[PDB]
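Chain naming follows the written order as A, B, C, D, E and F, and within any one chain the residues start at number 1.
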Amino acid sequence: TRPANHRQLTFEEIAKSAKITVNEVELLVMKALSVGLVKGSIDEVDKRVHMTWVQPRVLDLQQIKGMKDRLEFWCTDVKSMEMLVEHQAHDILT
Amino acid sequence: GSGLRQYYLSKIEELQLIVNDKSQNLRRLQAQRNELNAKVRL
Amino acid sequence: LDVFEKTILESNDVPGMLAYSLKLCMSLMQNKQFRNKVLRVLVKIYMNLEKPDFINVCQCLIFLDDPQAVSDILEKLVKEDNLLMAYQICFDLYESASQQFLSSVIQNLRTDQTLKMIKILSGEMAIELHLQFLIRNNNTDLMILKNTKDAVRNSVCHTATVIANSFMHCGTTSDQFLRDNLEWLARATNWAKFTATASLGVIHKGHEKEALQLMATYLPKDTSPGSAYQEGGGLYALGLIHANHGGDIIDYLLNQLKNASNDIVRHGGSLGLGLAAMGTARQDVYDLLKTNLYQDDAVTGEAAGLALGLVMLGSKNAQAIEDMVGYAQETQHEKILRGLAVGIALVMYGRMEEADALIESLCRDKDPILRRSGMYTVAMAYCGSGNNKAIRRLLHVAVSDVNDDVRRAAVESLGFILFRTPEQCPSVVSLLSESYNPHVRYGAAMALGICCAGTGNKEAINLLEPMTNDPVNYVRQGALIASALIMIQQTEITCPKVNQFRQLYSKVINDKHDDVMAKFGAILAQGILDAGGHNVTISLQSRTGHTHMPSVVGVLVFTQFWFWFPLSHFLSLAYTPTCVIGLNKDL
Amino acid sequence: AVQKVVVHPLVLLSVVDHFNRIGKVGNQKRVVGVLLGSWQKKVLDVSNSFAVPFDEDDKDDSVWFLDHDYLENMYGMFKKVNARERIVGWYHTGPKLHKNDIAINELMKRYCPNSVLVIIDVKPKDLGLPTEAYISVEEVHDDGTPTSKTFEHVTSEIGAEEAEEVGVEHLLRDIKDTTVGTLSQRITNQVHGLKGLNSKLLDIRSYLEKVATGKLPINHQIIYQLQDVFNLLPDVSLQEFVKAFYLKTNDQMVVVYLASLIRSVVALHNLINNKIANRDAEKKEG
Amino acid sequence: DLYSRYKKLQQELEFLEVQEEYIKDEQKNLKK
Amino acid sequence: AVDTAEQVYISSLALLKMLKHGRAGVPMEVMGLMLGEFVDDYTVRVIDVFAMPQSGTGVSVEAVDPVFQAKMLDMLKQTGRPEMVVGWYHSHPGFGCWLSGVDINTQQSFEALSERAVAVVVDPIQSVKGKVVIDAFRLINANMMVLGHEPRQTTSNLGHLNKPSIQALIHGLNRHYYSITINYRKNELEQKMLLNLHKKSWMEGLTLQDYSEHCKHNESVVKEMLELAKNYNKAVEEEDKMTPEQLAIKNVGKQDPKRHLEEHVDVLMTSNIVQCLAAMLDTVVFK
């Protein structure tokens, strides 16, 4: 759900949305790490469970719509920042 | 003279100065080409 | 503009202040846009002056291109009825202005004073008078050919002798330097005999009668020998006689090239026919030059592509350009790539901006011949032009490009664009005379030779003094031609290096161990330096500031003796007399 | 697996002549020929090539021709003149590979057990690296394909040999080049790099705009394999990565600051050594 | 001559400036 | 009937077939045929080159069965087009690129069959990576030893491309044959791809080499650059007043200030600048 910005989720939202208690979310997430649909890590001094890798899933029309919006916003910035290299050095690189 | 000659006589000053300047710059670039041309020919 | 008219028409004396103002507005002028706005009012005030000046109102007008306004003041001189003051308005018009301009103004002249348009636009009384000057003044030597007679062998020398006496006897009709023998003249074969009958017409330059009657042996249907070059190269010489004069000489050459042999006669006919119709835009010569072009043949390559540009001189008929450069991409021979390479340079002439789309289109191309062809084109689109815009990338590709052919054509474009001030060209090419390759070291020598040639330049001979010492043979050659062009009609007091070099050509021609190519410049310079008995000279220039466009064509075409020997036989266009002539009546 | 091939520069030119043989038809006539190489290692070599007659229609791409008899005799000649060399695969000149291009491989796997193709490009409108090669495997899918058979990308490079570097780089003299120029190639390399980045993004959104709306098969290929590409996307300016640029770039700034500090002193030697030689040759001349 | 002195020194600027751009092409070419 | 200034066109495939067959058969003369077209009476154009099975000695080389010959040209007709033999070639390994006494004996065999049969000489030994020593010759009669053999209507085959070399005129020029000029015709299609074959993908343009070895390389180079500066203090201060050509004879040996000092600065510059600047773009461009 969250687009990898603060994906270091704490135990409370796991323990709420799975409605399991607090002292079982670690045995729950180590199972999913052992099977291998996720590749995160576990802290305990803050009890935040960092996320790194998610398996790819199926999506639909409106997910492609935002994905082109991610792609166009990434494509036109590369081209603009590549102009700024050539504009900086015209007859310097031959 | 101050209104009709001085507009030209003060202006031909800097037109003389740059020609005075880059002639020193030219003969520096002249001799450097003669070093490499004598190096390639040999 | 109007305060400039107020300066000349105020409390301000006119000794000559209305004279050098014409000189400043013609020499150092930025563009044509502010030139003509200044220039067109400066002779209207001369017409508003009480004595109408006549040479300057003609001088500005051919710079202004008004083919009706000179006929307007000619009508006033018909109204005034004196051919005395109706004279320098007319022969300065004939000397300076273009052939198409005189072909365009003649409609306004015909629409004594009835005989006047024949007297001034045919220009015939200048032709036989130049012939009159040469038949009277002729100061030559037989011994110089006898000194060079002793090189009898199977080498160049037979072509080298007959190219010498043809240059030093232009338009004098004197066949005693050739009729001393027959066998030594008829020794070399198969292209010298193409040049031997070619050199016959240059001696009879500018003369109507003794063209058919002396070559009556050399008509191709009379003798019929085993040599067709002897009989096919006569039509080459017929075009050399009647350059810039079109009559039956067009149609006598037109109807014979309908039905003829292979390209052994069609070289001489097409090069002669394009020469007589030079800059005339005739459709009838363009027709048989179409079918001469599309032969898919190597030997028609110099035939079509040179004369295809000559009849389209300064024309920029962009379909004909598209036909030429569209043709020279898929053909598989090289002279058909080479003759069109000069022709598409020659179709545009003095435009200052109107080639620059094409110049970039040729320089970017992969073809080394066609990049070389763009270099001659920018040389001809900027004739005498001191534009520092063109010198950026003409002289940039003189540095960077990898073929030797394009680099020689790059530095030889410098004198063609900067002959108007010969002071600057020894300052910029003197560094190029010491380049690492001999090809730029060659083209440095011709660039001084094409620029300062009208003057006895003290600086250029100082530069060309060690240039004849180089271990490459052809750079020793072109030093000698440039040493010939620099000092014609100059005797020991304009510069002391004249007789220092007279002995130098004889020093290198009587040696045995020299190269053939090394001594070919010496035997060639003998016919240059004594041209017409010191009576004719080169002139790329009038007193009006206007350039002499057949001499510009003649000296550019002269540069291609490397790729065809009788192609630089086109040099008689450059020779002009320097003789004052008086006249009081029509005859 | 083969995991790269090594292509000598004698081919990439002995293909283009055969495209220039039949190239008078102009419109479309694909060149197909036979590739020759070395049974070398896991890594493989490519040395020689020759052609074979081939024609094919526009509709119903199943009508195509490889003369086996021409392939037996002419390879029998090259086996005769060269015993070191044997067959490794084939090539075709098409810019993008066609649908026909799998049955050609399925023919000549009876010549070499791992018969490899090479696609070349006579017109690389892409200014990047041409002449990429593939190999066919079976990747039978969850969908129930009886044989999921599609080619796999194999990396490739241009080979080199001591005699052919002489002949090739002699012919490079028709144009100018800066191989000797340090950091002049380098600045172009990120220009030639990021041009490749923009080229792959304009292609992928053209595929992505079509499959979004109206017409394309929406299949369980790329659309989530490309979702994994978004998953990496490092979060560059965050907490501790700032201490990777301010502890390591300023290391490399000091070395540049050292190198300037000597280069200025070196150029200062050439002043005094010239100024001594200038006036002391003058004051003894006068 | 005073207007000519102002014009000719302008002409001795860019005709002398193009020589400065010229040796930059020469010395870059001779290194190759 | 007369000669001219002739010109030998080529194909770009031919010259690579020339030297690779020559280099692989280096210690002897290796032979091959030359295959092209007579485009006019003035120039000649080869487009194809192939060899044949041979049998050689240390001093001589021979061909074997001509049943290979006609069957080779037959299968080159049906694939592509038919074409024409124009001449042949062989090598002179390490020699003065000159027609031998047996090399001339196969030329009255060839000039009697077709007129302008060109003999071509290659050497893959005196050819360096810069330039190739290619060579082509054309037999002349001895019956016309007094009469002229070329009409010489231009300069293009007289003083250009060299004067003939002293080790080749010692057998040949201008006795018994004449040399001929060679250029290089290029189609646009191969010209465009002969330009770009030393470049890579964007992967090579966007690497960051590795910061451990990059710092290690900088740690390496500066360390001896200290020692170069130790020697640099001694020699520049030293300057015995010796009229410096004698300085320029006591420096050949082990002496090297001022030469490595310019060198290592160039290496430390171009490494550090590109390593920084490529790391700059991977943050501006990416995310």
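Keep in mind that, in the parts below, a contact is a pair of C-beta atoms (placed from the backbone, for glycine too) under 8 Å apart; a residue touches a chain by one contact, two chains touch by 3 or more.
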Chains contacting each of chain B and chain E, listed by label: C
Chain nearest the overall C-alpha centroid of the shown protein atoms: F
Separation of mean Cα positions, chain F and chain B [Å, integer]: 45
Mean-CA-position distance for chain D and chain B (Å): 51
Distance between chain centroids, defined by C-alpha means - chain A, chain B (Å): 64
Sequence positions of chain D contacting 2 or more other chains: 173-176, 178, 190, 194-195, 197, 233, 235
Two or more partner chains touched - positions in chain C: 400, 436
Numbers and ranges of chain A residues touching at least 2 other chains: 78, 82, 85
Pairs of chains, among all present, that meet the touch criterion: A-D, A-F, B-C, B-E, C-D, C-E, C-F, D-E, D-F
Complex contact set, residues of chain A against chain F: 77-78, 81-82, 85
Chain E-facing residues of chain C, complex: 24, 28, 386, 388, 391-392, 395-396, 399-400, 424, 428, 436
Residues of chain D defined as touching chain E within the complex: 176, 178, 180
Complex interface listing, chain E residues touching chain B: 2-3, 5-6, 9-10, 12-13, 16-17, 19-20, 23-24, 26-27, 30-31
Chain C contact footprint on chain B (complex, rising order): 30, 33-34, 37, 40-41
